[PDB]
Amino acid sequence: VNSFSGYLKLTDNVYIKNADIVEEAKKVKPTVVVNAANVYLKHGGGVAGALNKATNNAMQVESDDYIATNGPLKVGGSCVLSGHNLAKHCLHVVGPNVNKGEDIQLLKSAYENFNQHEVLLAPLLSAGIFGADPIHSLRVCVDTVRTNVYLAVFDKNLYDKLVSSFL
Ligand SMILES: CN(Cc1ccccn1)c1ncnc2[nH]c3cc(F)ccc3c12
């Protein structure tokens with residue numbers, strides 16, 4: 001039993017809700033919140049900008065030190081950093097950005113990072129300003145993640161479409 005509330009169950013291990021991931025993170029305090037990161041951990045907009053703003057820029061400060069030490073992530077890769085006031089940990093995952101021409105096949109590799117964590121609160125990778133089709137992202141999620149994932153979808157219209165079109 002966990003504290004996630006109001007989710008629709010899609011499969012054995014995938015759940016979905018219309019929610020603001022920032023507000024869901026602050027209420028749940030999950031062990032892991034997933035950020036929709038880029039390779040530079042520059043949290044300027046989309047989910048990343050919202051999560052970083054909610055940490056009063058502490059996420060960005062920590063991320064800049066991470067990059068100065070380790071260099072950029074790989075597209076499809078991830079790193080674990082602090083969850084600050086939102087979660088125990090933040091798993092920064094880099095899905096391909098279609099608006100940069102990155103290979104959509106890397107979306108599966110991106111979701112594989114979720115399997116290293118038993119339970120996660122996450123957005124749909126490569127959705128929003130990353131330019132992928134969220135229906136495809138949901139399909140890859142369901143077909144790749146085996147651990148328990150709670151997907152927060154900000155846009156109510158999109159959510160209804162994701163639920164209604166799910167196979
Ligand atoms: C993937 N996105 C955004 C998105 C874009 C297009 C269609 C659907 N969703 C999110 N997903 C879950 N929670 C979110 N909180 C957000 C707060 C923001 F200020 C900006 C973005 C998000 C956000």
Side-chain angles (χ1 to χ4, degrees), residues 2-5 7 15-104 106-132 134 137-138 140-141 144-145 147-155 158-159:
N2 66 52
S3 150
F4 287 105
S5 178
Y7 285 76
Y15 294 80
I16 194 166
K17 185 184 177 175
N18 175 214
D20 185 344
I21 192 172
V22 170
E23 278 318 300
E24 185 79 359
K26 279 195 287 195
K27 146 180 135 43
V28 175
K29 284 301 225 83
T31 305
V32 181
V33 66
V34 173
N35 180 33
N38 58 54
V39 297
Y40 307 110
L41 302 179
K42 286 174 57 95
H43 310 301
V47 169
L51 290 170
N52 176 58
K53 179 179 177 185
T55 76
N56 181 45
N57 211 50
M59 178 180 284
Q60 190 65 67
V61 169
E62 179 195 30
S63 293
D64 288 350
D65 170 83
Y66 173 91
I67 296 287
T69 298
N70 301 108
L73 296 183
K74 299 171 180 180
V75 180
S78 71
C79 68
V80 179
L81 290 172
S82 179
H84 300 278
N85 53 315
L86 304 178
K88 184 166 190 322
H89 302 109
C90 179
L91 181 70
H92 294 273
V93 180
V94 184
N97 190 324
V98 176
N99 305 315
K100 303 172 175 179
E102 294 166 352
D103 165 27
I104 194 63
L106 288 168
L107 187 54
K108 187 172 184 76
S109 302
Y111 275 117
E112 288 172 341
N113 294 286
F114 290 24
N115 289 321
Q116 301 294 318
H117 302 278
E118 288 191 358
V119 183
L120 316 86
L121 171 63
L124 285 170
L125 298 180
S126 296
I129 68 174
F130 281 63
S137 181
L138 178 56
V140 178
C141 181
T144 305
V145 181
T147 56
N148 289 148
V149 57
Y150 289 84
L151 295 169
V153 177
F154 180 56
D155 185 63
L158 172 57
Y159 169 85

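The figures that follow rest on heavy atoms only: side chains count, while hydrogens, waters and symmetry mates do not. Note that the numbering runs from 1 along the sequence shown for the chain.
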In chain order, what residues pass the side chain to side chain donor-acceptor pair (under 3.5 Å) check against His89, with sequence neighbours excluded?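 Partners of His89 by the side chain to side chain donor-acceptor pair (under 3.5 Å) criterion come out as none, since no residue qualifies.
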
What residues, two or more places apart in sequence or in another chain, satisfy side chain to side chain donor-acceptor pair (under 3.5 Å) together with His43?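 Here the qualifying residues are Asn35, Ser63.
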
N/O donor-acceptor pair under 3.5 Å between [X] side chain and [Y] backbone:
X: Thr144; Y: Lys108; value: no
X: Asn85; Y: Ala54; value: yes
X: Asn115; Y: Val145; value: no
X: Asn56; Y: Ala58; value: no

Hey, does [Y] have a side-chain heavy atom less than 4.5 Å from the side chain of [X]?
X: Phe114; Y: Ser78; answer: no
X: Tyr159; Y: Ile16; answer: yes
X: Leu81; Y: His92; answer: yes

Which value, rounded to the nearest 0.5 Å, describes the distance between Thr69 atom OG1 and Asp64 atom CG?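 These two atoms lie 11.0 Å from each other.
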
Show me the pairs that pass ring-ring contact (aromatic ring centres under 6.0 Å, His included) and involve residues 44-82, at least two apart or across chains.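 Sorted result for residues 44-82: empty, none.
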
Taking only residues two or more places apart in sequence or in another chain, which ones pass side chain to side chain contact (heavy atoms under 4.5 Å, CB included) with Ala50?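 Checked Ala50 against side chain to side chain contact (heavy atoms under 4.5 Å, CB included); matches are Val22.
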
So, using ring pair (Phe, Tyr, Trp, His ring centres under 6.0 Å) as the criterion, who are the partners of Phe4 when residues are at least two apart?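 By the ring pair (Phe, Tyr, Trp, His ring centres under 6.0 Å) rule, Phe4 matches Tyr7, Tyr150.
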
Residues which pass ring pair (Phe, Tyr, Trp, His ring centres under 6.0 Å) with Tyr40, listed by chain and number, not counting sequence neighbours: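 Ring pair (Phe, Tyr, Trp, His ring centres under 6.0 Å) check on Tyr40 returns nothing, list empty.
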
